[PDB]
There are 2 protein chains.
Amino acid sequence: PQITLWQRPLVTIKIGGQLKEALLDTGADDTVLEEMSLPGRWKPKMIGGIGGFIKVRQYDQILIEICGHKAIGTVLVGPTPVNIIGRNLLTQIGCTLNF
Amino acid sequence: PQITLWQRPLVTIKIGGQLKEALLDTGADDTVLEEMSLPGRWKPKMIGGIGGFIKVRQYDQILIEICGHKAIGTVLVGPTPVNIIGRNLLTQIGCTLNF
Ligand SMILES: COC(=O)N[C@H](C(=O)NN(CCC[C@@](O)(Cc1ccccc1)C(=O)N[C@H]1c2ccccc2C[C@H]1O)Cc1ccc(Br)cc1)C(C)(C)C
């Protein structure tokens, strides 16, 4: 589909059996979601944004579904103000910027 | 043009007669650039991101070129980690997300 930017580009994602609202963020290297449980191993990571850095948990090879499009990749979990879908997953669903 | 997201969507912008590199950011509501001088008066603004909030100076009706596309709008200046082109200007150049 084609999503305009008149409003924040929020979409529904399915992950870990839960449905959540997330922001398609072309300026985000990674994907980070608010506190939640995920299966498998994880390792700590520090990520920076405007405002400074926060500590998150990194889970690899996680299945996710964005607008019906399936993909797999690394998902970060931590004290983020909003759920963010980063480029690591946007590429997998074939998302591009056009103008 | 169509921009894929395998790499950061960094483009060249022109403001105050100078060229700078900036990140096309669909997750950012506003546009914030690293410290620089701009004309006119400014108003205070707090912008929140992943690590919290930062104080910035808000300049309105500023001329800025993005990938050759001319725009005139609000530009924030402050201690941002990278120059960010937000939706306020992405909408002016007619940018959309597609997949
Ligand atoms: C590895 O680094 C990364 O990729 N980090 C990402 C990141 O922060 N990228 N920055 C883009 C900004 C991302 C963001 O859209 C997220 C966001 C959206 C909506 C609500 C809250 C937060 C945001 O902060 N938006 C705010 C904003 C920005 C400008 C003007 C007005 C506003 C209001 C908000 O919309 C750029 C960057 C920062 C630090 C570093 Br070292 C490098 C690059 C990550 C993975 C942490 C999300």
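Lettering follows sequence order; numbering is per chain, from 1.
- Interface remark: A:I93 contributes backbone and side-chain atoms alike to the contact with chain B (heavy atom separation under 4.5 Å).
- For the pair A:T31 and A:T74, the minimum side-chain heavy-atom distance is 4.5 Å or more.
- Contact check for A:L97 versus B:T4: no side-chain heavy atoms found under the 4.5 Å cut-off.
- Interface remark: B:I47 contributes backbone and side-chain atoms alike to the contact with chain A (heavy atom separation under 4.5 Å).
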| message | With salt bridge (charged side-chain N to carboxylate O under 4.0 Å, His left out) as the criterion, how do B:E21 and B:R8 come out once you've worked through the C-alpha distance, each side chain's angles and the decisive distance to 0.1 Å? | response | CA-CA 11 Å; B:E21 289 233 313; B:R8 293 180 183 171; over 6 Å; no
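- Counting heavy-atom pairs closer than 4.5 Å to chain B, the top residue among A:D25, A:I85, A:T96 is A:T96.
- Going from atom CG of B:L24 over to atom CG of B:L5 covers 9.5 Å, rounded to the nearest 0.5 Å.
- Between B:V75 and B:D60, the closest side-chain pair of non-hydrogen atoms is not below 4.5 Å.
- Contact tally against chain B (heavy-atom pairs below 4.5 Å) for A:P79, A:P1, A:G48, A:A28: the top residue is A:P1.
- Within the 4.5 angstrom heavy-atom criterion, only side-chain atoms of B:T80, from C-beta onward, approach chain A.
- Taking the six-membered ring where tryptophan is involved, the planes of B:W42 and B:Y59 are tilted, since the angle between them lies from 30° to 60°.
- Comparing A:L23, A:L10, A:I50 by how many heavy-atom pairs each has under 4.5 Å with chain B, the most go to A:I50.
- In this structure, chain B has a heavy atom under 4.5 Å from the side chain of A:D29, while its backbone stays farther away.
- The part of B:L90 that comes within reach of chain A is its side chain, from C-beta onward, which places non-hydrogen atoms under 4.5 angstrom from that chain.
- Between A:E35 and A:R57 there is a salt bridge, with a side-chain nitrogen of the basic residue lying less than 4.0 Å from a carboxylate oxygen of the acidic one.
- Only the side chain of A:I54 comes within less than 4.5 Å of a heavy atom of chain B; its backbone N, CA, C and O stay farther away.
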